């Protein structure tokens, strides 16, 4: 038999939810997805279509707080057995009521309902046409909304939250006096949800505020009393080996600090990546491993949590070798996988960007498409008017228009750019900060950038970049010329100081076709097979063009040579005269790392976070699922972490200290990241109502007028409308 629902499972892309009922899988009806009984356990399978057509599986089992020891054992058993039937390629997750993963929560954008009861109490997710209902839902959460069934009583209430008194044909949404308007909008989505999905749109949602409680409400609840107020270093992990059956657990430390070596993961063994400080652990299953310790990976994860005195509700993932997720992969130094040089996409595609249509860059049609803008980091073609300045002292000093495109590493600059994307106009201010610029000048450039923003109305995008990690759009501001970055001194008055005798330049290109030439230390083990290089030497000048390189960096490298007043010696990779090598002081290992080009997004999917400087305390909460304009709360500071770049979207009604610390908050986020990632990553401050295309292009249903009418008033004009 093997299990009849196993044959229904994982056949097409979609989401499938079974509830565990007396050691059987019973399908939850699709219209009630997101409903979960508190005394039950469930299995959830999400099937994603990978770009190469092959299928992807995330298996979760979810455990209610009032769950039996038996019902949850069955959920695990089925999870393991379903993974087995899916040929052991599924990523597995243990999810616990109130504490479930960002992936899981993303499946349910209308939110979760935690219901009272379960199988043992006789309740099911089914309901006779004519159903009588009398329940109270307490709605909690900004980013991830959770409606919990509570006792039908004023004792469940407070003056901070929203509540829904569900009377069947009539749904009564009540919102506390201290309730914020964003939370109301959310409670509204939930109310709408009950009406549309239970009920079949055959119900009247009316909505009220504390003090104006209606007849129906006061009838079932009695007189309203005085109500109470509502109730209100995670970067370090360790890696471990593990050899057991299920009882005699052998746990040996392999790496004491992240970032970890990818080579520490070996196919014979199994490891636990202990990120338990931040509420998460992973079990990695080597592809040879041992069938009995692969199959007991959940039990092993359990034993580890017990042995370490981490909470029960600690999240758990088990990934098989080759089926790793970004979250997992982030903890390692330089993840690579030889099979994925060629192919469409990668072996995993994060659910929240699975629906995103990939659009390749096309200068001709860029004005036509915010999606393209977003995916290649280009707010426009780069041909708009611009002022470039150098910071000297406490002043902006016009750079000589002849040198536009040349940036010196002893300086910090500010650029003012006007952008046109037909659809949208605006301004970007780039603050380029030299790696050798004095601290006072760097800092000065930042304050001056911030001041220019203020004098210009508050509207312009504000982007900090650091030498070497130039964003796509800044590289392309110079016609077809490359952005030249010298490692050396300055370009002021008699800042003077001439050349180093021997200089190397790496010439890297972007999606847009633009190039930057960065001056680097002239060594052999800094050569890169994907770029053009230029080696200026007292003798002559070499134009090394690598195997993986293209026309764009060839042409960009020789346009640098004109500026350097030298003449090239074309030379393909590997067949190079050894005056070349003697100029570098030897000959060493390479980089032949063919770049994650189109696959950038797959390896490092964009992620949306909320940001808080509340009570001298820095917290980030991920908003899960597909990106939505509605999640951008007008009183919040948000972070859109493309990998290339970190946008910080600042809401009009956010606190003034918070939106002044926008750049600092983005840095904290970047410095705090478990991936131990490039501290030079560009940060881009964007303001509500004045978002650039490369930001809005990540949000499918972006609406320019969305805030033109207060979003809550619109939502309400559909429920009583």
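Residue numbers count along the first chain shown, from 1.
**Student:** If you average the CA temperature factors over each stretch, which comes out higher, 336-344 or 366-374?
**Tutor:** Averaged over C-alpha atoms, the B-factors run higher in 336-344.
**Student:** Looking only at CA atoms, which has the higher mean B factor in the entry: 441-449 or 244-252?
**Tutor:** Between 244-252 and 441-449, it is 244-252 that shows the higher mean C-alpha B-factor.
**Student:** Among the candidates 544, 174, 107, 154, give the one with the maximum CA B-factor reported in the record.
**Tutor:** 544 has the highest C-alpha B-factor of those listed.
**Student:** If you compare 212, 461, 354, 532, which has the highest Cα B-factor in the entry?
**Tutor:** Answer, based on the entry's C-alpha B-factors: 532.
**Student:** Which third, lowest, middle or highest, does the CA B-factor of residue 410 fall in along this chain?
**Tutor:** CA B-factor rank for residue 410: middle third.
**Student:** What third of its chain, lowest, middle or highest, does the C-alpha temperature factor of residue 668 fall into?
**Tutor:** For residue 668, the deposited C-alpha B-factor lands in the middle third.
**Student:** How does residue 661 rank on Cα B-factor within its chain, lowest, middle or highest third?
**Tutor:** Tercile = middle for this residue's CA B-factor.
**Student:** Lowest, middle or highest third: where is residue 49 by Cα B-factor in its chain?
**Tutor:** Tercile = lowest for this residue's CA B-factor.
**Student:** Sorting the chain's modelled residues by C-alpha B-factor, tell me whether residue 67 ends up in the lowest, middle or highest third.
**Tutor:** For residue 67, whose C-alpha B-factor we compare with every modelled residue in the chain, the answer is the middle third.
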